[PDB]
Amino acid sequence: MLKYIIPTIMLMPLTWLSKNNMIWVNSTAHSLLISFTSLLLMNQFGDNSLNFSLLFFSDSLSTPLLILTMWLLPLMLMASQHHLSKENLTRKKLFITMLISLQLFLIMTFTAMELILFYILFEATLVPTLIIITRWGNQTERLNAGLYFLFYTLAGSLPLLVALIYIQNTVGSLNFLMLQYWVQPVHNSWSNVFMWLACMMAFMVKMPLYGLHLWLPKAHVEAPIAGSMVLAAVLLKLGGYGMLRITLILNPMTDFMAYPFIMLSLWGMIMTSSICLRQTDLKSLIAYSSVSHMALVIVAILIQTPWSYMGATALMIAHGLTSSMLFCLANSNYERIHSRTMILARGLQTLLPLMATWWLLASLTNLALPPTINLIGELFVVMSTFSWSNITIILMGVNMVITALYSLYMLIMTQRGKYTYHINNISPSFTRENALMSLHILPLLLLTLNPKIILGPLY
Amino acid sequence: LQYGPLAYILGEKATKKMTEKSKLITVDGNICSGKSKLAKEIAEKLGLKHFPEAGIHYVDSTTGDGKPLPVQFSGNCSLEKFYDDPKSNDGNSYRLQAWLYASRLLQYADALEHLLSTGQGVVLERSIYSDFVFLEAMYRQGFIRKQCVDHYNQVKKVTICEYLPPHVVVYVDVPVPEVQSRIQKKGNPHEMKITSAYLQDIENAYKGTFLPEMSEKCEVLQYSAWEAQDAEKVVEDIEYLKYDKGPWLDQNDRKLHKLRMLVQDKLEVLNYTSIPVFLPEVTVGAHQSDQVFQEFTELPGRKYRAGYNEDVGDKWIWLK
Amino acid sequence: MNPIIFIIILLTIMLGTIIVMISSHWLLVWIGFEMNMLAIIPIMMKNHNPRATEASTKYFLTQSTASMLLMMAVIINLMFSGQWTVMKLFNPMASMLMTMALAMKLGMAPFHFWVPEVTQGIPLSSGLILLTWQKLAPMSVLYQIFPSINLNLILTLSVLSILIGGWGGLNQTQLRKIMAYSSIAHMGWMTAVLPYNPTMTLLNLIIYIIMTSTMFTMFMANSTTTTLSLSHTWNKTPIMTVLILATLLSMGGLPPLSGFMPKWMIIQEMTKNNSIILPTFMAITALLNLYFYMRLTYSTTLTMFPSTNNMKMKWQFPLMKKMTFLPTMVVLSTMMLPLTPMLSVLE
Amino acid sequence: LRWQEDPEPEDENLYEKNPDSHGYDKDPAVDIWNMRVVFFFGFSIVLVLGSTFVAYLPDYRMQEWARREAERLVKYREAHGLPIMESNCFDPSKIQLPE
Amino acid sequence: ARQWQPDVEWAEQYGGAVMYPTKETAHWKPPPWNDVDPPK
Amino acid sequence: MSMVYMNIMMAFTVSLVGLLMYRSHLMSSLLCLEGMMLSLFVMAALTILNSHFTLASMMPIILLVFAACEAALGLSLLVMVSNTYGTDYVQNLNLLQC
Ligand SMILES: CCCCCCCCCCCCCCCCCC(=O)OC[C@H](COP(=O)([O-])OCC(O)COP(=O)([O-])OC[C@@H](COC(=O)CCCCCCCCCCCCCCCCC)OC(=O)CCCCCCCCCCCCCCCCC)OC(=O)CCCCCCCCCCCCCCCCC
Ligand SMILES: Nc1nc2c(ncn2[C@H]2C[C@H](O)[C@@H](COP(=O)(O)OP(=O)(O)OP(=O)(O)O)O2)c(=O)[nH]1
Ligand SMILES: [Mg+2]
Ligand SMILES: [Zn+2]
């Protein structure tokens with residue numbers, strides 16, 4: 001993975017040694033090249049994963065997440081140019097350095113072959129994320145958002161550190177390839193009940209699991225646009241990715257420990273989807289939609305079936321491009337009216353005709369219109385949960401109805417109707433804004449032509 | 001060899017260059033009292049470095065190229081604007097006084113550093129000890145609030161204690177009716193607006209607090225308007241002083257080593273001039289303070305440490 | 001002080017610590033503490049004000065009381081063994097007195113009450129010596145007598161130190177009080193792993209000393225002793241704010257920073273001994289330390305607090321303070337995690 | 001006032017000084033080149049060549065080989081009367097049951 | 001809307017003797033700036 | 001061990017309990033601190049003299065020399081407190097974390 005780690009590190013000298021007026025151009029161009037070379041990870045086999053060395057390996061699960069992660073860095077740089085224009089040059093270059101550090105930690109996180117190495121990198125993503133929220137957020141609440149995002153993750157991650165170190169002392173290794181062959185069943189005892197909680201609580205808080213999600217509406221809303229994009233597109237998927245790996249060494253105890261979390265997620269789906277029906281803040285409505293979409297991922301991972309795993313991987317990638325697109329669309333309005341209230345600016349389809357087309361496509365993907373990969377992932381998770389218990393179709397069905405109501409309510413409330421009379425600074429959409437949306441939705445739809453590359457190892 | 005513990009250990013001691021002529025003289029007085037002329041004469045008739053009264057731009061003269069900087073880098077405080085609108089709502093009255101106390105504090109440190117390092121005496125127009133006469137003159141006219149005086153005393157009681165009072169205090173007395181006349185003769189459009197109540201309060205502060213307080217630790221010479229014109233008389237009186245009181249007698253090479261270490265570190269001198277007391281007059285917001293700081297570093301010879309600015313003609317940076 | 005006398009006094013502070021560390025005889029250990037305490041008082045009173053007199057007095061009474069308990073342990077150990085060798089003690093009562101004597105010298109809870117008040121009442125330079133160098137001698141003795149230390153007693157002092165230090169710092173705005181409580185919290189980590197692997201006590205001590213030294217050095221550079229006086233730093237020395245952010249995150253045990261290595265290796269050693277509840281309790285409780293480290297980052301680096309007009313005069317002068325080894329310490333205190341297996345040099 | 005703070009700056013319309021602005025930068029020359037790099041590397045290189053690269057992957061995860069192999073086995077097993085698929089994955093000749 | 005930075009009301013929360021006021025500590029006052037208490 | 005150790009070791013406890021329970025005067029506490037040394041001096045001397053540990057016979061003298069030097073520092077700090085407040089009461093030493 002040194003062919004990707006080293007070029008990412010070299011994005012830092014490039015930013016710092018570039019001309020003052022070329023920092024965005026240089027960093028954007030070379031981050032798109034690193035994204036281009038990420039396609040070489042697609043050299044996957046039907047039996048064995050890519051095992052590069054003693055430290056890093058890539059399989060069909062980490063590869064789509066790696067490609068998504070490296071694709072978002074250029075998009076984050078585009079989305080941040082406007083609101084950082086009136087910023088000190090050194091502080092503009094420190095903002096980019098935090099984004100590059102976040103990618104550096106993420107690419108090493110998804111390919112780490114040893115669980116403790118995964119833990120350190122999984123935990124190191126907090127520092128740059130915390131700094132982006134608290135330093136370059138706009139409102140007062142960014143300080144409290146950072147504290148919630150920080151202490152929710154460490155309250156669950158620290159017990160995971162003890163559990164991992166305990167596993168190495170008893171099994172002898174934490175290399176993920178070794179665990180595939182040396183794994184042993186988990187006898188049902190009170191000691192193993194808490195090894196299960198310690199091995200899964202960190203990932204569920206980061207998903208997030210309903211009830212432990214209170215950090216997400218704060219952090220995802222108060223962060224700058226680049227922070228929100230990475231927060232919702234790649235950093236929620238560290239929890240899902242971890243559970244996919246860690247669940248290998250928790251059988252059979254997962255078949256009864258999963259009930260309290262399958263119940264929280266299934267019922268959390270309906271609660272979080274319902275909250276969106278009454279959200280006054282547009283950016284907050286999008287934040288709660290992630291909680292409802294990651295509820296399906298938790299359920300799929302916990303019921304442990306080939307179809308649920310295939311759906312989970314497609315959902316994480318599909319949700320990554322859609323939620324990220326929605327935040328950029330919402331930030332497009334904010335940069336004109338400088339308010340997050342959804343009902344402030346209305347009828348925007350009569351003033352920004354083309355940006356209303358992106359709203360439509362971003363809304364259709366969010367409500368899982370077939371055959372988008374959003375529907376493929378969601379459908380695969382409904383099929384698997386039906387076999388688990390036929391009654392689940394009721395809860396899955398109700399969430400689909402609510403999802404369409406708050407997806408189109410957002411579209412109707414902000415785009416249709418009469419325009420607000422006293423808002424007269426709605427300038428025509430920039431080429432930067434339009435190209436930012438096209439870089440979200442076009443890959444999201446092209447994947448429908450070749451879905452297999454995002455269906456995960458179980459394919 | 002920059003001064004420090006090693007220099008002191010190797011021989012650089014204060015009581016080897018100070019002589020009977022190493023004295024610190026401050027020439028106080030009221031506005032238009034002729035002190036600037038008298039002090040400039042005392043200095044040249046005794047071989048003493050002269051320091052013109054510390055103004056708004058004193059700090060600029062001692063740093064950089066010596067030229068005054070644009071007023072935005074001094075806080076926009078103006079003495080001209082103080083006379084026109086002393087009751088301004090932007091706090092320019094106290095923000096002027098606070099800035100001037102720091103300038104005098106910075107100047108007093110520079111004077112002590114010169115006296116200790118070279119042994120030569122110095123003459124100051126005014127000093128941090130006498131600077132409070134203007135503050136209570138402003139307060140008694142209602143130009144500044146009480147919280148401004150309380151803030152002033154907090155800064156003074158943590159900075160004044162670290163230094164030594166002047167050897168000799170020379171006070172030139174001019175009655176308020178005469179001062180008004182001398183203000184008119186110079187005919188400064190802004191200065192002429194000074195009210196006689198303001199001038200009178202300065203004398204009351206000078207008479208009631210400064211002189212009776214500095215007389216128990218300094219030699220005080222209270223000349224008058226006519227007497228001040230005789231410089232040879234002033235030099236004669238000073239050279240016949242006894243110097244039998246004050247703290248300069250209880251000083252040694254050890255105490256003066258501490259004094260010199262403090263006064264050569266200008267950031268240390270100005271440490272408590274910016275204490276976090278959120279008074280509206282002296283408080284600056286984060287956006288304005290941030291914007292001005294970036295402009296300051298773009299001025300010639302200010303981006304880097306002195307001697308490392310290649311835009312003003314510094315070489316050998318890569319070996320320095 | 002005269003500069004030469006200042007050096008002679010520091011060398012005597014260091015000599016006493018070195019005597020404790022090279023001594024095979026219990027009497028010379030006691031002499032080292034006595035010499036060390038004798039030469040620490042003058043630097044605690046170099047400013048000659050009431051608050052320094054009180055701090056030295058409280059320090060003197062606590063250290064003298066501990067020194068007498070240490071002697072009683074030695075004489076009891078002499079009565080029951082007839083030898084003076086610095087090793088395991090040959091009597092349970094002698095062990096408890098020595099352990100409590102060394103707990104008072106370290107400032108561990110519940111003998112902690114002096115550490116915050118003494119540090120607040122002395123200059124930053126003397127606080128730095130107090131919280132870093134003064135812990136080398138008591139830890140040297142604990143490293144040698146740990147086979148005969150009562151396990152319940154030592155782990156009880158550790159848990160209390162972590163709790164009290166974590167809770168104490170939340171209510172603080174004075175920096176020297178924040179650092180004093182952060183010291184008590186880290187003392188518990190050093191002594192909790194002592195029975196299991198005393199080599200991880202040295203690792204935690206060394207990393208803590210580097211991080212603490214970096215912190216005090218950057219507080220001395222700007223002459224800052226309060227939270228609000230430290231929040232003006234962004235408007236004078238912006239670089240010093242980023243270094244404070246990095247060092248504060250490391251002290252909080254956040255990866256990928258150095259301060260994670262001690263917490264990481266201590267947990268590894270305790271779980272090898274089937275100690276699961278204690279490392280979990282300590283790790284979670286250490287989030288209290290992280291909270292009040294994060295507050296300082298908010299008011300120093302991650303937000304721009306209100307400034308003062310007189311600050312504009314400071315922009316014209318450079319920093320003339322020595323800031324010795326600050327570039328080296330800040331890097332060692334933040335970027336050493338990839339070299340973690342180097343800890344075996346302490347074996 | 002409660003302090004000396006700058007007024008909230010009014011937002012700047014990028015189209016006022018440059019009606020051809022692409023929104024990337026205030027400098028027109030920098031604005032144009034930032035638009036060119038995003039469109040060339042974003043759309044001409046990554047989305048067009050990346051899509052073409054993916055379309056011609058060398059049998060991603062060997063699913064064409066699997067179909068080809070199964071055709072032989074179905075042909076071979078049926079041509080010899082063998083079951084199309086056995087219900088035991090491992091030959092029970094080398095499995096020892098508990099008791 | 002410009003980025004929010006702490007105002008005087010916000011910063012004054014970190015200026016008292018303690019962070020969390022209580023009845024017992026309401027009598028406390030911030031220490032002297034130079035650590036020097038007036039003789040008396 | 002011998003009933004002399006019962007009383008000398010009880011003397012140390014009395015001085016320790018006396019030292020840990022301040023009344024008002026700092027000087028009274030400095031005497032309890034110096035009473036602990038005397039109890040240690042006697043306890044150390046008896047053990048060495050009884051066991052004929054010849055070389056250890058210098059140890060009680062070294063204990064007396066350092067504890068007296070420590071006591072001199074204690075009086076000096078007490079004298080500086082008195083100059084500040086006029087009296088050596090320990091209740092005036094609460095400026096730090098009052
Ligand atoms: C072999 C390939 C080589 C490339 C490798 C990639 C490079 C890696 C470098 C890592 C080491 C960094 C420290 C050495 C460089 C420091 C030199 C310096 O201070 O001046 C910069 C220098 C300034 O240039 P300039 O033209 O003079 O402009 C400034 C003016 O002179 C003056 O104007 P001013 O007064 O306005 O400036 C004030 C201030 C701006 O002040 C402000 O007001 C900004 C306040 C808000 C900013 C908040 C963001 C702070 C970001 C740092 C967070 C620290 C925690 C790190 C956590 C890790 C994740 C980030 O600007 C700064 O200089 C701050 C930047 C330097 C901070 C030093 C950080 C030291 C602790 C780093 C710990 C890293 C641990 C890594 C994990 C351990 C595993 C290895 O830049 C250069 O010219 C070239 C130097 C290239 C390095 C750039 C510095 C980036 C360091 C921060 C990023 C950390 C990356 C960590 C990645 C970890 C994953 C691998
Ligand atoms: N508010 C305020 N104004 C001051 C202060 N010191 C001087 N000024 C103002 C008052 C005067 O109008 C102005 C000029 O001061 P001078 O006394 O030195 O004027 P001038 O040289 O003409 O009189 P001189 O012959 O030297 O005695 O500076 C001060 O500490 N506070
Ligand atoms: Mg004049
Ligand atoms: Zn805007």
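Numbers restart at 1 for each chain; the letters A, B, ... are given by sequence-line order, proteins then strands. Because only heavy atoms are used, hydrogens play no part in the values below, and waters and symmetry mates are left out as well, while side chains stay in.
The backbone N or O of E:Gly16 sits less than 3.5 Å from a side-chain atom of C:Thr173, completing a donor-acceptor pair. Distance alone, capped at 3.5 Å, is enough to place a donor-acceptor pair between the C:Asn171 side chain and the E:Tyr20 backbone.
Residue contact with chain C, scored on non-hydrogen atoms closer than 4.5 Å, involves the side chain of E:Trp10 exclusively. Looking at C:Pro306, the atoms closer than 4.5 Å to chain E (heavy atoms on both sides) sit in the backbone and in the side chain alike.
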Legend entry - Chi angles and distances behind the side chain to side chain contact (heavy atoms under 4.5 Å, CB included) call for C:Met304, E:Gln3: CA-CA 11 Å; C:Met304 301 193 295; E:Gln3 188 181 16; 5.6 Å; no
Legend entry - From CA spacing to verdict: side chain to side chain contact (heavy atoms under 4.5 Å, CB included), C:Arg295, E:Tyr14: CA-CA 10 Å; C:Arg295 269 211 306 251; E:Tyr14 306 96; 3.8 Å; yes
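For residues 31-40 of chain E, heavy-atom neighbours of chain C at less than 4.5 Å comprise E:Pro31, E:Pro32, E:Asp35, E:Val36, E:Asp37, sorted by residue number.
Summarising the local packing, CH2 of E:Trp28 is surrounded by more than 12 heavy atoms from other residues, nucleotides or ligands at distances under 6.0 Å.
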